[PDB]
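Written out below as structure tokens is the structure these notes cover.
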Amino acid sequence: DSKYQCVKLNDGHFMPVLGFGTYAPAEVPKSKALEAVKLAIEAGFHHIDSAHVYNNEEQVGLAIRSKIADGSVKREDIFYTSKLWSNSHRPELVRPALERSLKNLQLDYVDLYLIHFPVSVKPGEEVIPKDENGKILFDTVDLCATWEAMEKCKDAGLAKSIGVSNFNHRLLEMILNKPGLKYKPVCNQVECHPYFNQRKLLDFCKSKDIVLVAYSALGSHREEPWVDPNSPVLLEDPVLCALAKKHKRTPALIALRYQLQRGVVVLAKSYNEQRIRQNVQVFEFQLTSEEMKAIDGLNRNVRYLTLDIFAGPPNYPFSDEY
Amino acid sequence: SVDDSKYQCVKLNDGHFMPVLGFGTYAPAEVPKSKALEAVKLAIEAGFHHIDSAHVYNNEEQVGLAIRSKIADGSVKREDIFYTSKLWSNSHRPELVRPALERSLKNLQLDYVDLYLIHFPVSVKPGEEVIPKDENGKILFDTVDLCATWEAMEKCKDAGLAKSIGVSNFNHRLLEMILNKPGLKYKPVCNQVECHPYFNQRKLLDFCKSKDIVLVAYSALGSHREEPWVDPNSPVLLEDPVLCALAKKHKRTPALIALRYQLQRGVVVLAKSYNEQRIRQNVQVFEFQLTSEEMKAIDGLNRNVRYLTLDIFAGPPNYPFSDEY
Ligand SMILES: NC(=O)c1ccc[n+]([C@@H]2O[C@H](COP(=O)([O-])OP(=O)(O)OC[C@H]3O[C@@H](n4cnc5c(N)ncnc54)[C@H](OP(=O)(O)O)[C@@H]3O)[C@@H](O)[C@H]2O)c1
Ligand SMILES: NC(=O)c1ccc[n+]([C@@H]2O[C@H](COP(=O)([O-])OP(=O)(O)OC[C@H]3O[C@@H](n4cnc5c(N)ncnc54)[C@H](OP(=O)(O)O)[C@@H]3O)[C@@H](O)[C@H]2O)c1
């Protein structure tokens, strides 16, 4: 213990390369996140991924603080990520959103704060506000101004590092090229897996030393109406299953190891005590270059999470090629 | 930012972690041994957490002092230094393995090495001389079962003298030999071998990976080019045009490109320098990354150029470089 695999971010901080996802569908009791985070820590996860919009920060924080006070882990050995929801993109709303997250977590800082999604919605308690016609109440906010507000939260010490999520090439360039930029995003957390392996965006991120963090790396939560139930089940893939047999591992383990070997930090959500343990075994084997090539072949350009309910605004990120 | 107790490491097949950038400590004979002391100190100061040495480099006293010095002054803790030594070929006989380790520890004044390797698979006769020769200058080769040598290595690990054990300059056959040994207790955590864009070890790399063995690259910058070890007609790796082009593009150096290349193919890479500026420059390998096209462009430099043949040890069956890999 005490040591684990991390990568150096562009602001000098280190991020553990395997992250534990904490989102769980609405039907799942928020209490299950409490135990799942505790187990994840016990199993050796050192990186925990959440967001204000997952509505579990109370529980996630309790787990962390609970594996701390029981000396199972130290605060410096937990990399905790939160995310700014789209109803707080206005500059004067960013620090208050982070501070509310921190109050819920009862923590002094987050290790990483991301702009969760580049499209903005009307400020208020409702995370997906809708009008009388059932249409989204979008808002217009200069992301450059939101990013300047994140830089101030990092300078205030409330976030160790800042980054973004669901940003495309155009949106990343907007930040990277912003006049007077103080801090580049350390990461861009996006959907990534053998069926949507983000090779183009990945390479771009690499060229600017931005770490691409893969979510729904195991084929996603497949929650409706977010993900089409007709979409292929990743973990049933014939090639993944074959490689899983060869290595005597599982298709999940193969999908995770794949991301590690291509330079991607990978998240993995499970609320199963035993699967939580399985996933940490990603550090127990390697894939050969022929095998990597085989997984590369699986790419289909199928995106599980379109979030197309947010389509329309200029900053909707998935219309571009990448 | 956080020159903290955080840095990039990989998990070894025995549960231990190895920092992925190692500092090489061998310097040609014309270089005074004293220089190794200041070099390793500067390397620790710069952020190297992995230090590579060997009995045959005749600097363990200096390298050990450097490490002790940086611990005793509070710059670093012992658990944050990954120190590697190597068993020289005059101590391949099983009963001589632990005595060899203990002697290196005595010279270093350390309690344990983080990693102890079988340095080279060809054995020579026991005694003080590292390359024992008879009166006619013939090297005095010895016949030793490396499987027995490995058993003695396993015992060194069970004793806590070495946290991990591995090999160096082993080929496919020799690896299989160890891995397929009856009663095998500990697999080698690594195979430290020459590796660089002119000799990228693709095949051997895949093999190691398939066994979860970490390939550690030595002479990753094109070697010390010391004669008569290295053919002075050999190409200068760091003068390669492609490397130079990439270096220019990234605003880095050919050396940085060469090291980053290894990191991105899952290879732990060593880098030797006794120059304060280059020592600091090399840890910059964590500051950028290469695209898949750039990686492919480096893969294209492979030219089967082995800088270090060690062919004075060619002849005996265990000579490792005759086989395809
Ligand atoms: N920033 C964003 O826009 C965004 C979007 C989506 C997700 N995320 C983050 O990424 C995390 C992961 O994404 P996800 O939650 O969408 O999908 P995921 O991690 O792809 O989900 C994998 C599904 O596989 C199951 N699983 C886990 N380990 C397994 C194993 N070893 N073998 C077989 N099945 C296994 C899990 O079910 P069990 O619990 O029953 O094991 C889970 O439902 C989320 O929790 C969240 O933190 C971020
Ligand atoms: N196990 C084995 O059989 C074996 C064999 C050979 C080597 N090794 C290990 O691997 C280490 C490295 O191998 P090496 O010593 O053969 O080769 P190396 O690390 O490839 O040597 C690089 C040469 O490049 C120079 N250099 C370092 N950084 C540079 C930079 N940033 N820009 C330009 N030049 C730079 C150094 O000279 P300056 O010092 O002047 O900077 C050095 O002489 C050794 O010290 C040793 O620990 C092991």
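Here's how to read the names in the structure tokens: chain A, B, ... by the order shown, residue numbers from 1 in each chain, ligand numbers from 1 in the order shown.
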Quick one: which chain A residues come within 6 Å of ligand 1, and what is the nearest atom pair for each with the distance in Å to one decimal, counting only C-alpha atoms and all ligand atoms, rows ordered by chain and ascending number, as a tab-separated table?
```
residue	atom	partner	partner_atom_place_in_ligand_line	distance
A:21	CA	ligand 1	45 (O)	3.3
A:22	CA	ligand 1	45 (O)	4.1
A:23	CA	ligand 1	45 (O)	3.8
A:49	CA	ligand 1	47 (O)	4.7
A:50	CA	ligand 1	47 (O)	5.1
A:116	CA	ligand 1	1 (N)	5.6
A:165	CA	ligand 1	1 (N)	5.4
A:189	CA	ligand 1	1 (N)	5.9
A:215	CA	ligand 1	10 (O)	4.0
A:216	CA	ligand 1	20 (O)	3.1
A:217	CA	ligand 1	20 (O)	4.3
A:218	CA	ligand 1	20 (O)	3.3
A:219	CA	ligand 1	20 (O)	4.4
A:220	CA	ligand 1	17 (O)	3.1
A:221	CA	ligand 1	43 (O)	4.4
A:252	CA	ligand 1	31 (N)	4.7
A:267	CA	ligand 1	12 (C)	5.4
A:268	CA	ligand 1	19 (O)	3.7
A:269	CA	ligand 1	19 (O)	3.8
A:270	CA	ligand 1	39 (O)	3.1
A:271	CA	ligand 1	39 (O)	3.8
A:272	CA	ligand 1	41 (O)	4.8
A:275	CA	ligand 1	31 (N)	4.8
A:278	CA	ligand 1	31 (N)	5.5
A:279	CA	ligand 1	31 (N)	5.1
```
Write out as a PDB file with N, CA and C atoms, in the first residue's frame each polymer residue (protein, DNA or RNA) that has an atom no more than 8 Å from ligand 2, with only C-alpha atoms and all ligand atoms counted.
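Below you can see result.pdb, which holds the result:
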```
ATOM      1  N   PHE B  23      17.732   6.610 -12.885  1.00  0.00           N
ATOM      2  CA  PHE B  23      18.933   7.289 -13.136  1.00  0.00           C
ATOM      3  C   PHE B  23      20.072   6.249 -13.287  1.00  0.00           C
ATOM      4  N   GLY B  24      20.764   6.288 -14.401  1.00  0.00           N
ATOM      5  CA  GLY B  24      21.908   5.360 -14.640  1.00  0.00           C
ATOM      6  C   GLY B  24      23.136   5.924 -13.970  1.00  0.00           C
ATOM      7  N   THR B  25      23.971   5.019 -13.426  1.00  0.00           N
ATOM      8  CA  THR B  25      25.142   5.529 -12.721  1.00  0.00           C
ATOM      9  C   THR B  25      26.475   5.065 -13.330  1.00  0.00           C
ATOM     10  N   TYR B  26      26.448   4.317 -14.430  1.00  0.00           N
ATOM     11  CA  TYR B  26      27.747   3.839 -14.964  1.00  0.00           C
ATOM     12  C   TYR B  26      28.398   4.986 -15.702  1.00  0.00           C
ATOM     13  N   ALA B  27      29.699   5.132 -15.514  1.00  0.00           N
ATOM     14  CA  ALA B  27      30.458   6.141 -16.243  1.00  0.00           C
ATOM     15  C   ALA B  27      31.765   5.434 -16.680  1.00  0.00           C
ATOM     16  N   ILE B  51      17.194   4.576  -8.903  1.00  0.00           N
ATOM     17  CA  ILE B  51      18.632   4.692  -9.123  1.00  0.00           C
ATOM     18  C   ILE B  51      19.169   3.292  -9.494  1.00  0.00           C
ATOM     19  N   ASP B  52      19.825   3.228 -10.647  1.00  0.00           N
ATOM     20  CA  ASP B  52      20.380   1.964 -11.148  1.00  0.00           C
ATOM     21  C   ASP B  52      21.882   1.810 -11.086  1.00  0.00           C
ATOM     22  N   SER B  53      22.327   0.785 -10.343  1.00  0.00           N
ATOM     23  CA  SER B  53      23.773   0.520 -10.261  1.00  0.00           C
ATOM     24  C   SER B  53      24.063  -0.954 -10.365  1.00  0.00           C
ATOM     25  N   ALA B  54      25.290  -1.369 -10.032  1.00  0.00           N
ATOM     26  CA  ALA B  54      25.671  -2.766 -10.121  1.00  0.00           C
ATOM     27  C   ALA B  54      27.039  -2.909  -9.448  1.00  0.00           C
ATOM     28  N   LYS B  86      23.131  -5.321  -9.153  1.00  0.00           N
ATOM     29  CA  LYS B  86      23.096  -6.466 -10.015  1.00  0.00           C
ATOM     30  C   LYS B  86      24.184  -7.428  -9.581  1.00  0.00           C
ATOM     31  N   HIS B 119      22.874  -9.944 -13.640  1.00  0.00           N
ATOM     32  CA  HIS B 119      23.366  -8.886 -14.549  1.00  0.00           C
ATOM     33  C   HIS B 119      23.534  -9.426 -15.994  1.00  0.00           C
ATOM     34  N   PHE B 120      24.096 -10.612 -16.166  1.00  0.00           N
ATOM     35  CA  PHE B 120      24.385 -11.149 -17.506  1.00  0.00           C
ATOM     36  C   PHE B 120      24.386 -12.706 -17.396  1.00  0.00           C
ATOM     37  N   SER B 168      18.618  -9.390 -16.321  1.00  0.00           N
ATOM     38  CA  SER B 168      19.098  -8.401 -17.277  1.00  0.00           C
ATOM     39  C   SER B 168      19.796  -9.143 -18.399  1.00  0.00           C
ATOM     40  N   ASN B 169      19.627  -8.624 -19.631  1.00  0.00           N
ATOM     41  CA  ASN B 169      20.304  -9.217 -20.797  1.00  0.00           C
ATOM     42  C   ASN B 169      19.912 -10.671 -21.022  1.00  0.00           C
ATOM     43  N   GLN B 192      16.005  -6.052 -17.730  1.00  0.00           N
ATOM     44  CA  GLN B 192      16.657  -4.851 -18.130  1.00  0.00           C
ATOM     45  C   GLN B 192      17.557  -5.179 -19.321  1.00  0.00           C
ATOM     46  N   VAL B 193      17.234  -4.500 -20.428  1.00  0.00           N
ATOM     47  CA  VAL B 193      17.942  -4.749 -21.690  1.00  0.00           C
ATOM     48  C   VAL B 193      18.137  -3.451 -22.510  1.00  0.00           C
ATOM     49  N   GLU B 194      19.057  -3.484 -23.463  1.00  0.00           N
ATOM     50  CA  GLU B 194      19.258  -2.321 -24.302  1.00  0.00           C
ATOM     51  C   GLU B 194      17.978  -2.067 -25.066  1.00  0.00           C
ATOM     52  N   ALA B 217      14.600  -0.269 -20.021  1.00  0.00           N
ATOM     53  CA  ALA B 217      15.521   0.112 -21.150  1.00  0.00           C
ATOM     54  C   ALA B 217      16.774   0.782 -20.686  1.00  0.00           C
ATOM     55  N   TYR B 218      17.900   0.171 -21.059  1.00  0.00           N
ATOM     56  CA  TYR B 218      19.155   0.791 -20.798  1.00  0.00           C
ATOM     57  C   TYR B 218      19.805   1.299 -22.074  1.00  0.00           C
ATOM     58  N   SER B 219      20.724   2.235 -21.980  1.00  0.00           N
ATOM     59  CA  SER B 219      21.334   2.829 -23.186  1.00  0.00           C
ATOM     60  C   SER B 219      20.172   3.387 -24.025  1.00  0.00           C
ATOM     61  N   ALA B 220      19.187   4.003 -23.347  1.00  0.00           N
ATOM     62  CA  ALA B 220      17.967   4.496 -24.043  1.00  0.00           C
ATOM     63  C   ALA B 220      18.273   5.754 -24.801  1.00  0.00           C
ATOM     64  N   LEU B 221      19.381   6.411 -24.467  1.00  0.00           N
ATOM     65  CA  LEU B 221      19.866   7.612 -25.191  1.00  0.00           C
ATOM     66  C   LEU B 221      20.999   7.347 -26.210  1.00  0.00           C
ATOM     67  N   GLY B 222      21.250   6.068 -26.442  1.00  0.00           N
ATOM     68  CA  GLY B 222      22.224   5.650 -27.443  1.00  0.00           C
ATOM     69  C   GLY B 222      23.542   5.195 -26.828  1.00  0.00           C
ATOM     70  N   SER B 223      23.515   4.993 -25.515  1.00  0.00           N
ATOM     71  CA  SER B 223      24.633   4.445 -24.736  1.00  0.00           C
ATOM     72  C   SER B 223      25.807   5.406 -24.433  1.00  0.00           C
ATOM     73  N   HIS B 224      26.708   4.916 -23.563  1.00  0.00           N
ATOM     74  CA  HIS B 224      27.864   5.704 -23.172  1.00  0.00           C
ATOM     75  C   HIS B 224      28.853   5.705 -24.351  1.00  0.00           C
ATOM     76  N   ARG B 225      28.688   4.776 -25.328  1.00  0.00           N
ATOM     77  CA  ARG B 225      29.570   4.698 -26.517  1.00  0.00           C
ATOM     78  C   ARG B 225      31.030   4.519 -26.130  1.00  0.00           C
ATOM     79  N   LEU B 238      21.151  10.227 -30.709  1.00  0.00           N
ATOM     80  CA  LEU B 238      20.588  11.580 -30.458  1.00  0.00           C
ATOM     81  C   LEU B 238      20.790  12.539 -31.631  1.00  0.00           C
ATOM     82  N   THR B 253      14.018  18.136 -26.446  1.00  0.00           N
ATOM     83  CA  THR B 253      15.319  17.713 -26.914  1.00  0.00           C
ATOM     84  C   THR B 253      15.206  16.282 -27.419  1.00  0.00           C
ATOM     85  N   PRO B 254      16.118  15.887 -28.328  1.00  0.00           N
ATOM     86  CA  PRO B 254      16.099  14.492 -28.848  1.00  0.00           C
ATOM     87  C   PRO B 254      16.115  13.487 -27.699  1.00  0.00           C
ATOM     88  N   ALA B 255      16.927  13.783 -26.644  1.00  0.00           N
ATOM     89  CA  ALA B 255      16.918  12.898 -25.484  1.00  0.00           C
ATOM     90  C   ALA B 255      15.537  12.743 -24.859  1.00  0.00           C
ATOM     91  N   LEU B 256      14.829  13.860 -24.677  1.00  0.00           N
ATOM     92  CA  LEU B 256      13.492  13.828 -24.088  1.00  0.00           C
ATOM     93  C   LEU B 256      12.519  12.992 -24.921  1.00  0.00           C
ATOM     94  N   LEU B 270      15.804   4.076 -18.303  1.00  0.00           N
ATOM     95  CA  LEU B 270      16.893   4.622 -17.555  1.00  0.00           C
ATOM     96  C   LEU B 270      17.468   5.755 -18.352  1.00  0.00           C
ATOM     97  N   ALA B 271      18.217   6.645 -17.677  1.00  0.00           N
ATOM     98  CA  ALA B 271      18.895   7.727 -18.395  1.00  0.00           C
ATOM     99  C   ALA B 271      20.094   8.116 -17.552  1.00  0.00           C
ATOM    100  N   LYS B 272      21.277   8.057 -18.125  1.00  0.00           N
ATOM    101  CA  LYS B 272      22.478   8.379 -17.381  1.00  0.00           C
ATOM    102  C   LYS B 272      22.894   9.792 -17.806  1.00  0.00           C
ATOM    103  N   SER B 273      23.268  10.604 -16.828  1.00  0.00           N
ATOM    104  CA  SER B 273      23.924  11.889 -17.127  1.00  0.00           C
ATOM    105  C   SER B 273      24.653  12.349 -15.839  1.00  0.00           C
ATOM    106  N   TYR B 274      25.875  12.908 -16.023  1.00  0.00           N
ATOM    107  CA  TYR B 274      26.588  13.424 -14.911  1.00  0.00           C
ATOM    108  C   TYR B 274      26.626  14.933 -15.050  1.00  0.00           C
ATOM    109  N   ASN B 275      25.865  15.479 -15.992  1.00  0.00           N
ATOM    110  CA  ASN B 275      25.804  16.926 -16.171  1.00  0.00           C
ATOM    111  C   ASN B 275      24.564  17.499 -15.445  1.00  0.00           C
ATOM    112  N   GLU B 276      24.760  18.478 -14.553  1.00  0.00           N
ATOM    113  CA  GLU B 276      23.672  19.014 -13.739  1.00  0.00           C
ATOM    114  C   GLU B 276      22.489  19.491 -14.592  1.00  0.00           C
ATOM    115  N   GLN B 277      22.758  20.185 -15.687  1.00  0.00           N
ATOM    116  CA  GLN B 277      21.681  20.697 -16.550  1.00  0.00           C
ATOM    117  C   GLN B 277      20.930  19.540 -17.246  1.00  0.00           C
ATOM    118  N   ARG B 278      21.634  18.522 -17.739  1.00  0.00           N
ATOM    119  CA  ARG B 278      20.937  17.437 -18.475  1.00  0.00           C
ATOM    120  C   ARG B 278      20.160  16.579 -17.466  1.00  0.00           C
ATOM    121  N   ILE B 279      20.686  16.507 -16.246  1.00  0.00           N
ATOM    122  CA  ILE B 279      20.057  15.680 -15.190  1.00  0.00           C
ATOM    123  C   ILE B 279      18.687  16.276 -14.965  1.00  0.00           C
ATOM    124  N   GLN B 281      17.102  18.359 -17.002  1.00  0.00           N
ATOM    125  CA  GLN B 281      16.341  18.309 -18.236  1.00  0.00           C
ATOM    126  C   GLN B 281      15.560  16.982 -18.380  1.00  0.00           C
ATOM    127  N   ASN B 282      16.195  15.862 -18.100  1.00  0.00           N
ATOM    128  CA  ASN B 282      15.602  14.531 -18.281  1.00  0.00           C
ATOM    129  C   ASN B 282      14.322  14.258 -17.534  1.00  0.00           C
ATOM    130  N   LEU B 308      25.512  -2.403 -27.614  1.00  0.00           N
ATOM    131  CA  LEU B 308      26.251  -3.152 -26.591  1.00  0.00           C
ATOM    132  C   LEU B 308      26.110  -4.659 -26.774  1.00  0.00           C
TER     133      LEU B 308
END
```
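Counting only C-alpha atoms, the residue from A:129, A:12, A:118, A:29 that sits nearest to residue A:184 is A:12.
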Can you tell me which residues surround stretch 72-74 of chain A at a distance of at most 10 Å, considering only C-alpha atoms, apart from same-chain residues fewer than 5 positions away, and format the answer as a PDB file with N, CA and C atoms, in the first residue's frame?
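Produced file result.pdb, reproduced below:
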```
ATOM      1  N   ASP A   1       0.915  -1.210   0.000  1.00  0.00           N
ATOM      2  CA  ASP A   1       0.000   0.000   0.000  1.00  0.00           C
ATOM      3  C   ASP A   1       0.930   1.230   0.000  1.00  0.00           C
ATOM      4  N   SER A   2       0.345   2.416   0.209  1.00  0.00           N
ATOM      5  CA  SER A   2       1.146   3.657   0.239  1.00  0.00           C
ATOM      6  C   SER A   2       1.609   4.187  -1.161  1.00  0.00           C
ATOM      7  N   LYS A  38     -16.599   3.291   0.304  1.00  0.00           N
ATOM      8  CA  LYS A  38     -15.772   2.693   1.340  1.00  0.00           C
ATOM      9  C   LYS A  38     -15.038   1.434   0.810  1.00  0.00           C
ATOM     10  N   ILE A  41     -12.275   2.263  -1.696  1.00  0.00           N
ATOM     11  CA  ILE A  41     -11.062   2.640  -1.002  1.00  0.00           C
ATOM     12  C   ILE A  41     -10.335   1.419  -0.472  1.00  0.00           C
ATOM     13  N   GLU A  42     -11.077   0.571   0.284  1.00  0.00           N
ATOM     14  CA  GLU A  42     -10.520  -0.646   0.806  1.00  0.00           C
ATOM     15  C   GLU A  42      -9.805  -1.469  -0.244  1.00  0.00           C
ATOM     16  N   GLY A  44      -8.326  -0.416  -2.949  1.00  0.00           N
ATOM     17  CA  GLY A  44      -7.120   0.231  -3.425  1.00  0.00           C
ATOM     18  C   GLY A  44      -7.433   1.336  -4.390  1.00  0.00           C
ATOM     19  N   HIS A  46      -7.723   5.025  -5.367  1.00  0.00           N
ATOM     20  CA  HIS A  46      -7.171   6.232  -4.738  1.00  0.00           C
ATOM     21  C   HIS A  46      -7.743   7.465  -5.424  1.00  0.00           C
ATOM     22  N   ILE A  64     -15.373   8.878   2.353  1.00  0.00           N
ATOM     23  CA  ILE A  64     -13.969   9.272   2.337  1.00  0.00           C
ATOM     24  C   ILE A  64     -13.503   9.608   3.768  1.00  0.00           C
ATOM     25  N   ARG A  65     -14.270  10.455   4.442  1.00  0.00           N
ATOM     26  CA  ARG A  65     -13.898  10.904   5.752  1.00  0.00           C
ATOM     27  C   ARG A  65     -13.881   9.688   6.712  1.00  0.00           C
ATOM     28  N   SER A  66     -14.651   8.662   6.368  1.00  0.00           N
ATOM     29  CA  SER A  66     -14.838   7.452   7.175  1.00  0.00           C
ATOM     30  C   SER A  66     -13.634   6.485   6.929  1.00  0.00           C
ATOM     31  N   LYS A  67     -13.067   6.462   5.731  1.00  0.00           N
ATOM     32  CA  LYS A  67     -11.911   5.602   5.477  1.00  0.00           C
ATOM     33  C   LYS A  67     -10.685   6.335   5.906  1.00  0.00           C
TER      34      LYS A  67
END
```
Check: Of the candidates A:87, A:10, A:319, A:231, which shows the shortest atom-to-atom distance to chain B, using only C-alpha atoms?
Finding: A:10
Checklist line | All alpha helix (DSSP H) residues (DSSP, backbone) inside stretch 25-259 of chain B, as a ChimeraX atom specification | finding: /B:34-46,60-72,94-108,146-158,172-179,202-210,241-250,254-259
Check: For chain A against chain B, which residues fall within 10 Å using only C-alpha atoms, given as a ChimeraX atom specification?
Finding: /A:1-16,76-77,199-200,202-211,247,260-263,283-291
Notebook entry, point to check: atom CA of residue A:75 and atom CA of residue A:89, how far apart in Å?
Noted result: 28.3 Å
Check: Can you list, as a ChimeraX atom specification, every residue of stretch 16-206 of chain B that DSSP puts in strand (DSSP E)?
Finding: /B:17-19,21-24,50-52,82-87,113-118,162-168,190-194
Check: When you draw a straight line from atom CA of residue B:322 to atom CA of residue B:196, how long is it in Å?
Finding: 19.0 Å
Note to self: What's around stretch 131-140 of chain A at 10 Å? Count only C-alpha atoms, leave out sequence neighbours fewer than 3 positions away in its own chain, and write the answer as a list in words.
What the structure shows: residues 86, 87, 89, 90, 119, 120, 121, 122, 123, 128, 143, 309, 310, 311, 312, 313, 314 and 315 of chain A
Next item on the list: Write out as a ChimeraX atom specification which residues come within 10 Å of residue A:153 when counting only C-alpha atoms, dropping same-chain ones fewer than 3 positions away.
Entry: /A:94-96,98-99,109,113,147-150,156-162
Check: Skipping near chain neighbours, those fewer than 2 positions away, what residues fall within 7 Å of residue B:88 using only C-alpha atoms, listed as a list in words?
Finding: residues 55, 56, 86, 90, 91, 118 and 119 of chain B
May I have the selected residues written with N, CA, C and O atoms, as a PDB file, in the first residue's frame?
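See again.pdb below for the written result:
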```
ATOM      1  N   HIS B  55      27.319  -4.095  -8.972  1.00  0.00           N
ATOM      2  CA  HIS B  55      28.646  -4.357  -8.414  1.00  0.00           C
ATOM      3  C   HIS B  55      29.786  -4.015  -9.414  1.00  0.00           C
ATOM      4  O   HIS B  55      30.792  -3.397  -9.048  1.00  0.00           O
ATOM      5  N   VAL B  56      29.583  -4.370 -10.688  1.00  0.00           N
ATOM      6  CA  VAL B  56      30.624  -4.264 -11.688  1.00  0.00           C
ATOM      7  C   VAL B  56      30.870  -2.810 -12.058  1.00  0.00           C
ATOM      8  O   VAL B  56      31.843  -2.505 -12.706  1.00  0.00           O
ATOM      9  N   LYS B  86      23.131  -5.321  -9.153  1.00  0.00           N
ATOM     10  CA  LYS B  86      23.096  -6.466 -10.015  1.00  0.00           C
ATOM     11  C   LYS B  86      24.184  -7.428  -9.581  1.00  0.00           C
ATOM     12  O   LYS B  86      25.294  -6.988  -9.193  1.00  0.00           O
ATOM     13  N   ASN B  90      30.675 -13.439 -11.767  1.00  0.00           N
ATOM     14  CA  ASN B  90      31.651 -14.275 -11.041  1.00  0.00           C
ATOM     15  C   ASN B  90      30.940 -14.875  -9.771  1.00  0.00           C
ATOM     16  O   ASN B  90      31.552 -15.608  -8.973  1.00  0.00           O
ATOM     17  N   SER B  91      29.682 -14.464  -9.567  1.00  0.00           N
ATOM     18  CA  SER B  91      28.913 -14.951  -8.385  1.00  0.00           C
ATOM     19  C   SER B  91      27.610 -15.625  -8.731  1.00  0.00           C
ATOM     20  O   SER B  91      26.687 -15.658  -7.910  1.00  0.00           O
ATOM     21  N   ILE B 118      20.063 -10.511 -11.991  1.00  0.00           N
ATOM     22  CA  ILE B 118      21.185 -11.302 -12.577  1.00  0.00           C
ATOM     23  C   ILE B 118      21.605 -10.432 -13.705  1.00  0.00           C
ATOM     24  O   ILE B 118      20.835 -10.207 -14.639  1.00  0.00           O
ATOM     25  N   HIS B 119      22.874  -9.944 -13.640  1.00  0.00           N
ATOM     26  CA  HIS B 119      23.366  -8.886 -14.549  1.00  0.00           C
ATOM     27  C   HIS B 119      23.534  -9.426 -15.994  1.00  0.00           C
ATOM     28  O   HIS B 119      23.087  -8.758 -16.945  1.00  0.00           O
TER      29      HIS B 119
END
```
